[PDB]
């Protein structure tokens, strides 16, 4: 398996773990409450999903610590750590600092005053205890954690990225061309199951599909086709943007929206993974606070040739689909964005000229 030599020592988000504190006298393991809310305890070790956790990484290296029983995450409260539903709160992002090769501590950063970093620590090694905070970090082995168990995950396969789609070719003057070209795969990104919405319960997601993935494709979408008489000018309708229904479905699905500049906007849940999301899908983060809307244009096209020419207009389409680990598509509403600033005109005969663009109007 020399092709995957970099997977022999995997990153923190590629396996389920069982944690314990280093200087514990009895076999105590970190235990999450069975209820969606409650305190985190160090209970006696057993084979129960309350003691199995997954560290979902974020852009800056921090992790979201979710349990395999119900999917709730570590939430830093007043004096102890509780297990609450993930909402993107800053109290739910922790940092693993490896003191040695096999020991590490978990640090929480106070949203107010970034110089106040505290490590998780129990107040007993002989009895069950909650997880408290401490500012004594240097040469303090009471905060050190060891992975008692490590079970590797079988992540879903991601399709290979294909090159950008080319404009369809017309075979004759009566050929209107295909409605859509081939959907080229641009990128795919892994998204934690706690950041999406689905009819499957979070507890079952953590067991059968702890990672979803978004696929990004591009293709050419047909808008109009006509046989232009020589010297004739026609007005054709072209659509651009994204429908309000698609904008809301994508926003409720993966907590991402499309801005007016065709950049992506991330909500409270996915803000911490926008770097890896955009890099994997080859997208950009929006720079405007305006959202992309649906707009209808009419453009004047003139055939400046001595002979009749068949023309077909295409607009670049950008599509996102949400998939589970078994490959099934989640969203039943298409997440498609049309950009009228990227158009190609299939023509016959092929050696003919491009139609002259006249004036453009906007239909309300």
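Residue numbers count along the first chain shown, from 1.
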Averaging CA B factors per stretch from the PDB record, which one is higher: 109 to 117 or 74 to 82? 109 to 117
Would you tell me which stretch averages the higher CA B-factor in the PDB entry, 161 to 169 or 214 to 222? 161 to 169
Determine which member of 52, 55, 320, 26 has the highest CA B-factor, using the values in the deposited entry. 26
Highest recorded Cα temperature factor - choice among 67, 46, 329, 312: 46
Residue 233, C-alpha B-factor rank within chain (lowest, middle or highest third): highest
Residue 96 CA temperature factor, ranked by third within the chain: lowest
When the deposited Cα B-factors of this chain's modelled residues are ordered and cut into thirds, is residue 35 in the lowest, the middle or the highest one? highest
By the recorded C-alpha temperature factor, relative to the other modelled residues in its chain, which third is residue 133 in? middle
Taking only the Cα B-factors deposited for this chain, tell me whether residue 261 sits in the lowest, middle or highest third. lowest
